[PDB]
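Engineer: Taking the deposited numbering, the leading residue of the sequence shown gets 1, the next gets one more, and so forth. Okay, handing you the structure first.
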Amino acid sequence: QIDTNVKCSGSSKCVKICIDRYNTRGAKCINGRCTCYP
């Protein structure tokens with residue numbers, strides 16, 4: 001999936017910004033970083 005190697009300052013950061021990145025609407029902090037799962 002989308003692994004930008006970005007630590008999670010909250011899963012709610014990635015889920016919003018990862019939208020602007022690619023084309024996804026879903027990102028979660030699972031392994032300590034924000035991974036996007038489209």
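We put the CB at the ideal spot given by N, CA and C, even for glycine.
Work out the CA separation of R25 and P38 for me, nearest whole Å.
Structural biologist: Approximately 7 Å, taken between the alpha carbons.
Engineer: Could you tell me the alpha carbon to alpha carbon distance between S9 and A27, rounded to whole angstroms?
Structural biologist: About 12 Å.
Engineer: Can you round the beta-carbon distance between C29 and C18 to whole angstroms, since I take them to be within the 8 Å contact cut?
Structural biologist: That belief does not hold up - the Cβ atoms of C29 and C18 are roughly 11 Å apart, past 8 Å.
Engineer: Whole angstroms are fine: how far does the CA of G32 sit from the CA of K16?
Structural biologist: The straight-line gap from Cα to Cα measures roughly 17 Å.
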